[PDB]
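Visitor: Whatever this is, show me its structure:
(chains A, B, C and D)
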Protein chains: 4
Amino acid sequence: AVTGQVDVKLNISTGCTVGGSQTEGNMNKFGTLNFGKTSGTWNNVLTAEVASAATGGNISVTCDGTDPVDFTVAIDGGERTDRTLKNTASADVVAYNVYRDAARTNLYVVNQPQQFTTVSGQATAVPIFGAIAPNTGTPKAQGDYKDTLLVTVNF
Amino acid sequence: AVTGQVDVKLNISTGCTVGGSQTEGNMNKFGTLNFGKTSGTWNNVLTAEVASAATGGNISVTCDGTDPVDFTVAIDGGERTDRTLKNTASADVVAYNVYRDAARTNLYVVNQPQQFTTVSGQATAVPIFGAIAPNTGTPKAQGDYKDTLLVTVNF
Amino acid sequence: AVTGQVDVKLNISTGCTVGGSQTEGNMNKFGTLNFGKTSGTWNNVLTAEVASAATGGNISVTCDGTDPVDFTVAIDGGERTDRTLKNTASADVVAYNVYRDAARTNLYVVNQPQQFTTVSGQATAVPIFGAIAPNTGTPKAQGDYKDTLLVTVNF
Amino acid sequence: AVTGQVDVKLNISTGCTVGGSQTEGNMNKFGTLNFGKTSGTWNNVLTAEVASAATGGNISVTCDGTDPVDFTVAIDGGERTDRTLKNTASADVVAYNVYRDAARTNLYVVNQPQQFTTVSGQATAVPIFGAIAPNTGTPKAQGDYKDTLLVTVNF
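Guide: Numbers count the residues shown, from 1 in each chain, chains lettered A, B, ... in the order given. Below you will find the coordinate block:
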């Protein structure tokens, strides 16, 4: 019998809120990274942007205050922690990555706070640009591949 | 004068130990559930994970044995027994809950042994995922809200 | 591309056979050296004899012929090559040794052909006497310790 | 070339230990069954008790546990397997037997686990009572007769 304590805390004062999300039960549904349909072996880098579940556009984070707040954005490694989509039925995997800039250069490194700025009376967009490498080796099995990345807007 | 007996017992043989805790005086400090800063009325479900007081990551329970051991995890209802954080100065309360899975579905029911497995030469993590409902009604007073959940790793 | 030759040979004429073994798949299971149960720190030398997997007694090697053949017996150093039993889960080790005579004197030296005699119409026993030193220093972790010595009856 | 496997095992958890022994090299010296001096033809049954090599008294087996443990005791047939002492120089033999009770009735049958009990915080003695039949026929040659019985405390 090892009984222990867990201090719970919350500082209600002046915070920042994330728009574009829908409450899926008790977990914020931020959006979808839909690469679309594809064949077994694709030569072009498959690339799609996150579509917020609430509006359809990009996640719009706004802060509640008058001074420009600096908030951070961190995305995790997905269900299996290595950014791989898994086929619903078979065990095939599809490696992918999420970048922050339009040219697929600034990568959202696993469990890292990619910095962001936000001014009063404005909503800043969180570009989560997906990208998949060209698979010109083995044709992955037919079906639907999925993953659930947890995006962590933290301060 | 009602004098009575209390039998004390301890079976020293082959037990299981919880890592990630720090001994706060004579009580094991397991960690912190830090939701962060927030405004009076938040529309998004505030959500944070427990951070072990010893390492900063998740509580890592390991069992001192060779064969697999099935240990249980039970969390209580907090200081007031209804999972509410209380403002340090005023009497305002903030209802919350702790879940076990990443999607806020498998709730750690009050005083219930949520089962767990532990295997050869390994430390299993105890995910205590916090979650707070969207308060879009009354703005709670400014300040710090706290609670001390007692996590009970028992066999 | 380094292609090379491996000459395979077998002289079917008049050989010697080892009894008391059971074919585990494609590998001859000769027996078990069961020291039994023990505490963390034992003061007495733990000592047990090999029990053939086929009968339960000692390995009975018999030769096929009329003149007394001189066959040899060689035992290797175990899985890690230093005669140590390893805990199934943890990395603790238990040093041991196998002797040929009842008084733990004639050691089956690693990779050495301890000589043996065998006459016609008779089966000679191969005494593999195990012995473990008294550990009165550190208590090894609880669990099961194992090793697989490969006994090599060769001619 | 008949290569085979010998599984080695040891269960370090909660065992029983035998006191009164001295480690002769790598073999536990339990004691001596000294019948004493005698003439060629003795009419009285020669009778002596085992004297532990460590203390001089009876072998004291204690179990490292709290609850009672039922351990067994087995003695083998001696060097020649028929409980005969042999003269160091000549080939004369002296038949004997080891009993468990003081009245020479409960015989330690060859390779048999004579049961034994052991209790909380106590050392139980292992009475190995020797007994030799009255030789009133042929006078055995002068000299010293010996044998080495292997006592097997097993669980």
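Visitor: who in chain A is up against chain B?
Guide: Residues of chain A lying close to chain B (Cβ under 8 Å from any Cβ of the partner chain) are A:1-18, A:21, A:23-28, A:64, A:148, A:150, A:154-155. C-betas here are computed from N, CA, C, even on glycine.
Visitor: Please pick the buried ones from those residues.
Guide: A:2, A:4-12, A:14-18, A:21, A:23, A:26-28, A:64, A:150 (16 or more other Cβ atoms under 10 Å in any protein chain shown).
Visitor: so what's whatever residue of chain A ends up closest to chain C bridging to?
Guide: Using Cβ to the nearest Cβ, the closest approach of chain A to chain C is made by residue A:2 at 18.5 Å. Beta-bridge partners recorded for residue A:2 (DSSP bridges): residue B:153.
Visitor: residue contacts, it?
Guide: Counting by Cβ atoms under 8 Å, 6 or more residues apart in numbering or on different chains, residue A:2 touches B:16, B:17, B:18, B:28, B:152, B:153, B:154.
Visitor: In three-state terms, how would the third one be classified?
Guide: This means residue B:18. strand (DSSP: H, G, I helix; E, B strand; the rest coil).
Visitor: excluding its backbone neighbours, what's nearest the residue in chain A that chain D sits nearest to?
Guide: Minimum separation of chain A from chain D (Cβ to the nearest Cβ) falls at residue A:1, amounting to 20.3 Å. Nearest in space to residue A:1, with sequence neighbours left out and distances taken as Cβ to Cβ, 6 or more residues apart in numbering or on different chains, is residue B:154 at 4.9 Å.
Visitor: rewinding a little: name the member of the contacts of residue A:2 with the shortest distance to residue C:138.
Guide: Taking Cβ to Cβ as the measure, residue C:138 lies nearest residue B:17 of the contacts of residue A:2, at 19.0 Å.
Visitor: how much space is there between the closest one and residue B:69?
Guide: With distances taken as Cβ to Cβ, to the nearest Å, residue B:17 is found 11 Å from residue B:69.
Visitor: contacting residues for the closest residue to residue A:48 other than its chain neighbours?
Guide: Nearest non-adjacent residue to residue A:48, counting by Cβ to Cβ, 6+ apart: residue A:35, 4.7 Å away. Residues in contact with residue A:35, defined by Cβ under 8 Å, 6+ apart, are A:46, A:47, A:48, A:96, A:130, A:132.
Visitor: does residue A:35 belong to a helix or a strand, and which?
Guide: Per DSSP states H and E, residue A:35 falls between elements, in no helix or strand.
Visitor: Next, count neighbours for the closest residue to residue A:52 other than its chain neighbours.
Guide: Closest residue in space to residue A:52, ignoring its immediate chain neighbours: residue A:20 at 3.3 Å, by Cβ to Cβ, 6+ apart. Residue A:20 has 24 neighbouring residues, counting by other Cβ atoms under 10 Å in any protein chain shown.
Visitor: for residue A:20, what are its contacts?
Guide: Here residue A:20 is in contact with A:30, A:31, A:52, A:53, A:54, A:55, A:57, A:58, A:59, A:60, A:61 (Cβ under 8 Å, 6+ apart).
Visitor: Quick check: the two most widely separated of those residues?
Guide: A:53 and A:61 (14.5 Å).
Visitor: Which parts of chain A are helices?
Guide: Under the criterion DSSP state H, chain A contains no helices.
Visitor: spatially speaking, which residue is in the middle of it?
Guide: Compute the mean C-alpha point of chain A, and by Cα atoms, centre = their mean the closest residue is residue A:151, 4.4 Å away.
Visitor: Quick check: that one touching residue A:27?
Guide: No. Under the criterion of Cβ atoms under 8 Å, residue A:151 makes no contact with residue A:27, lying 11.5 Å away.
Visitor: related to what we said a few turns ago, could the contacts of residue A:2 go into JSON lines alongside distance to residue D:100?
Guide: Output for those, formatted as JSON lines (distance: Cβ to Cβ, whole Å):
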{"residue": "B:16", "distance to residue D:100": "43"}
{"residue": "B:17", "distance to residue D:100": "45"}
{"residue": "B:18", "distance to residue D:100": "50"}
{"residue": "B:28", "distance to residue D:100": "53"}
{"residue": "B:152", "distance to residue D:100": "52"}
{"residue": "B:153", "distance to residue D:100": "50"}
{"residue": "B:154", "distance to residue D:100": "47"}
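Visitor: Kindly provide the distance from residue A:149 to residue B:114.
Guide: According to Cβ to Cβ, residue A:149 stands 26 Å off from residue B:114.
Visitor: can you check residue A:7 too?
Guide: For residue A:7 relative to residue B:114 (Cβ to Cβ), the value is 20 Å.
Visitor: And for the residue lying closest to residue A:130 once chain neighbours are set aside, the neighbour number?
Guide: Computed as Cβ to Cβ, 6+ apart, the closest residue to residue A:130 that is not its neighbour in sequence is residue A:33, at 4.3 Å. Residue A:33: 19 surrounding residues under other Cβ under 10 Å.
Visitor: Report the separation between residue A:33 and chain B.
Guide: 17 Å (Cβ to the nearest Cβ, to the nearest Å).
Visitor: Residue A:149 and residue B:114 - which one has more neighbours?
Guide: residue A:149 (20 against 15).
Visitor: I figured that one hits residue A:76, correct?
Guide: Yes. Taking Cβ under 8 Å as the definition, residue A:149 is a contact partner of residue A:76 at 6.4 Å.
Visitor: Can you give me the end-to-end span of stretch A:127-144?
Guide: 24 Å (Cα to Cα, to the nearest Å).
Visitor: Buried residues of that stretch, list them for me.
Guide: Residues A:127, A:128, A:129, A:130, A:131, A:132, A:135, A:140 are the ones in stretch A:127-144 that count as buried (16+ other Cβ under 10 Å).
Visitor: next one: stretch A:97-111
Guide: So for stretch A:97-111, counting by 16+ other Cβ under 10 Å, buried means A:97, A:98, A:99, A:100, A:107, A:108.
Visitor: Now these in CSV, please, with extra columns for distance to chain C.
Guide: Listed next are these as CSV, based on distance: Cβ to the nearest Cβ, whole Å:
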residue, distance to chain C
A:97, 36
A:98, 38
A:99, 42
A:100, 43
A:107, 37
A:108, 38
